[PDB]
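To start, the structure itself, in structure tokens.
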Amino acid sequence: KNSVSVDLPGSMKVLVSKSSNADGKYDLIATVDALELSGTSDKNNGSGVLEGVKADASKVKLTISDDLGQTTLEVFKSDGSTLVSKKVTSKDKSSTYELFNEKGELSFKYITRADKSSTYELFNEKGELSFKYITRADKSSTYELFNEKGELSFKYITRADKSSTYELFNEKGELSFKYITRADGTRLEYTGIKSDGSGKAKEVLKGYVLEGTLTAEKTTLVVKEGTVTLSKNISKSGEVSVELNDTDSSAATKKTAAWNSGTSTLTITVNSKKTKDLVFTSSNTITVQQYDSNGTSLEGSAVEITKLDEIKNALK
Amino acid sequence: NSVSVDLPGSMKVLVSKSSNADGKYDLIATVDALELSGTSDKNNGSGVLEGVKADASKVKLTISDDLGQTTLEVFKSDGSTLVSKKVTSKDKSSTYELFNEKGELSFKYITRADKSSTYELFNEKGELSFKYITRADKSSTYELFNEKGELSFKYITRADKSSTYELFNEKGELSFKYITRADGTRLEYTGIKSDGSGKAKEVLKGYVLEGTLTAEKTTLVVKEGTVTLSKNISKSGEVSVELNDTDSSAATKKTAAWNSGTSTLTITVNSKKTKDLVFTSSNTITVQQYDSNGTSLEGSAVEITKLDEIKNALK
């Protein structure tokens, strides 16, 4: 009436009496979803426990910690013990919200955190965490499926630029297949991944695919023509380097190559003359440009490669 | 010495003009720098071609007789344990299947002409575990299955951002349902029984309403004094409203009539109209009073957004 209104976490309020009740305590009153909750406290700062009973005898309990640091709102069945739902909120605005099945086991949990991530945990009919969806401030979304052991079955991540990664795990919990889709549509496919991190690799480009291997430290894709093998290495971070070897032992015909990481360019030499620049562009394309017979100036214009056979031709 | 034919999945096959010693045509194709070769009784480009990788992995391209479909299989060196299988139609629709180390299907990804796609994950015993489906109408569906191949949960997001979350019990029966409308209002159904009954709550801007669910309808109630206002929602989402008052006196008892065409409840006391409550398409309620004699509406309709305001209207 002249009761004191106290502001709480998660936007709630409680009224605290100025006078004692029959039991020598302060009366607390709050309203939540139209149910008036009431409780008593030794303290008048707004902390304490308040309870209400719905028409169906469901019991609602609001617990406000002694220092106003958190509030918990529980809805129980008529037994006063089997949870229907629980919401816990901090002043820092983070909250958890839990729903339960008819057994009182989890059906759903939502967590919003200080870092502005939001997690949705979905449970199966037996109350086992089976699926998790998480949004983060960097605008990524992650989807995770869990099996009976509570270990990851698959994990799918999308980013705001529409690139994505998919990881699949075997029954030992180990990564067994991975599929990366870049923002530009090109892709990396890793198949038959082993416990030591090794597996088969393919880079799917516009017009052609480059195949090779994955190890812990690196992806290496190879193109072979005659005795020449070109290798495109991709680091874990996505950094591309390229190298060439020719097992031809004849000096007039053996290809060698130099890599300029600053310009992402491989320069091929035959018989002490620079012959071509292969540029590995930021578009995940390859261009080829010839040098003059002097081996010092590039001629014409660089040409975008469209097919594997054109890479092979450049290696001849 | 051969003719070139174009295939689904951006492939090509070369067919010989002459026959081989077995009286068939020779076929050659290059797929990702592996040359595949095969033979066929036909010369249109249909048939089976195979190649062997450095590690003796086997790749098999099967082109259907009508040229409308291609199958590209990758096997382990036994030539029978699958690694992957991609089927592409003339449509550009495709399926991609990825197998585990035993040669058993682990997942399948299907891209349709409809434009939609479907992802299916299979568990250790070969049963469907999880499915994700996206449609041209831009909705997405997420399904988890139990041991019996029945749903454990189903989540649906629509293009207008509405959503549905369904949970099923051990008997495969619907046990909870949560609906979020595009405007953010929600319906929450809890404790659902085998007959479709349960508890209901509607979460509105400013207030909640609670009630019951039957197979017939959802009935949400607000009580004030001897008056009970019941807001009914059919399974089609149509709202209809009724009022009862246990006050027996002619002078004070509230009665009401419902006009579905205008979504309006008109309240009467002592043979005079007192107020119109309108249940709007935005899931709101407005109230407007009649003049001193109950003859015509006065003032303007007012949107009410607190439960106590609804109860005031019932006084």
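A compact table of results
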quantity	calculated
All positions within the range B:132-149 that are within 12 Å of another protein chain (Cβ to nearest Cβ) and either over 14 Å from B:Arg112 (Cβ atoms) or touching a residue at least 40 places away in the same chain (Cβ under 8 Å) (or both)	B:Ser140, B:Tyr142, B:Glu143, B:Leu144, B:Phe145, B:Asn146, B:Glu147, B:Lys148
Top-ranked residue of the range B:268-302 - restricted to ones that are more than 19 Å from B:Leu209 (Cα to Cα), of a type in the set (A, V, I, L, M, F, W, C) and touching a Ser or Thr at 6+ places or on another chain (Cβ under 9 Å), ranked as surrounded by the fewest Cβ atoms within 10 Å (Cβ to Cβ)	B:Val302
All positions within the range A:276-307 that are under 25 Å from A:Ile234 (Cα atoms), assigned to a strand (DSSP E or B) and in contact with a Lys or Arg (Cβ under 8 Å, 6 or more places away or on another chain)	A:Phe280, A:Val288, A:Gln289
Selection from the range A:162-198 of residues that are at positive phi and within 11 Å of chain B (Cβ to nearest Cβ)	A:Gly192
Any hit, the range A:105-115, residues being farther than 30 Å from B:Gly198 by Cβ and of a type in the set (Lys, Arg)	yes
Options B:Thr218, B:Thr164: the member that is surrounded by 17 or more Cβ atoms within 10 Å (Cβ to Cβ), of a type in the set (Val, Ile, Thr), in a strand (DSSP E or B) and touching a strand residue (DSSP E or B) at 6+ places or on another chain (Cβ under 8 Å)	B:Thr218
Flag for A:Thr296 being at negative phi and either within 14 Å of chain B (Cβ to nearest Cβ) or more than 36 Å from the chain's Cα centre (by Cα) (or both)	yes
Odd one out for A:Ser38, checked against (1) within 13 Å of chain B (Cβ to nearest Cβ); (2) surrounded by fewer than 18 Cβ atoms within 10 Å (Cβ to Cβ)	(1)
Subset tally (residues that are of a type in the set (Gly, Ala, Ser) and either farther than 17 Å from A:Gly127 by Cβ or free of Cβ contacts under 8 Å to residues at least 12 places away in the same chain (or both)) for the range B:162-180	2
Every pair of residues 6+ apart whose Cβ atoms lie under 9 Å, when the first sits in the range A:100-125 and is at positive phi while the second is aliphatic (A, V, I, L, M) and buried (at least 16 other Cβ atoms within 10 Å of the Cβ)	A:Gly104/A:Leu83; A:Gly104/A:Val84
Check on A:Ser85, farther than 22 Å from A:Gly150 by Cα and facing another protein chain (nearest Cβ under 10 Å)	yes
Meets criteria (over 27 Å from the mean Cα position of the chain (by Cα), within 14 Å of another protein chain (Cβ to nearest Cβ) and among the polar types (S, T, N, Q)) for B:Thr246	no
Residue match in the range A:284-296 (condition: of a type in the set (D, E, K, R) and within 20 Å of A:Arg187 (Cα to Cα))	no
Selected residue (criterion: nearest to B:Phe145 (Cα to Cα)) from residues of the range B:167-201 that are of a type in the set (A, V, I, L, M) and surrounded by 19 or more Cβ atoms within 10 Å (Cβ to Cβ)	B:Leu167
Some residue of the range A:105-125 being more than 18 Å from the chain's Cα centre (by Cα), of a type in the set (A, V, I, L, M, F, W, C) and over 25 Å from A:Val32 (Cα atoms)	yes
Sole exception among (1) closer than 18 Å to A:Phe131 by Cβ; (2) in contact (Cβ under 8 Å) with a residue 60 or more places away in the chain for B:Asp183, by number	(1)
Subset of the range B:202-213 [buried (at least 18 other Cβ atoms within 10 Å of the Cβ), touching a residue at least 12 places away in the same chain (Cβ under 8 Å) and at the interface with chain A (Cβ under 9 Å from one of its Cβ atoms)]	B:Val203, B:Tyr207, B:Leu209
Residues that are among the hydrophobic types (A, V, I, L, M, F, W, C) and either within 14 Å of chain B (Cβ to nearest Cβ) or exposed (fewer than 15 other Cβ atoms within 10 Å of the Cβ) (or both), drawn from the range A:104-131	A:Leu106, A:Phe108, A:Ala114, A:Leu122, A:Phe123, A:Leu129, A:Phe131
Counted residues, the range B:169-215 - those being under 21 Å from the mean Cα position of the chain (by Cα) and assigned to a strand (DSSP E or B)	12
Count of the range A:41-57 residues which are crowded, with 18+ Cβ neighbours inside 10 Å, in a strand (DSSP E or B) and either more than 14 Å from chain B (Cβ to nearest Cβ) or over 42 Å from the mean Cα position of the chain (by Cα) (or both)	3
Subset of the range A:61-71 [free of Cβ contacts under 8 Å to residues at least 40 places away in the same chain and surrounded by 17 or more Cβ atoms within 10 Å (Cβ to Cβ)]	A:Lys61
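Each row is one residue, and each column tells you yes or no for (1) within 41 Å of the chain's Cα centre (by Cα); (2) buried (at least 17 other Cβ atoms within 10 Å of the Cβ); (3) of a type outside the set (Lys, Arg).
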site: B:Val13; (1), (2), (3): no, yes, yes
site: B:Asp26; (1), (2), (3): no, yes, yes
site: B:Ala33; (1), (2), (3): no, yes, yes
site: B:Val59; (1), (2), (3): yes, yes, yes
site: B:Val87; (1), (2), (3): yes, yes, yes
site: B:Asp91; (1), (2), (3): yes, no, yes
site: B:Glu97; (1), (2), (3): yes, yes, yes
site: B:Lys102; (1), (2), (3): yes, no, no
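Counting neighbours? That spans all protein chains shown, and the Cβs are built from the backbone with ideal geometry, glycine included. Any read-out appearing in this document is the output of simple, stated calculations on the displayed coordinates, not a laboratory observation.
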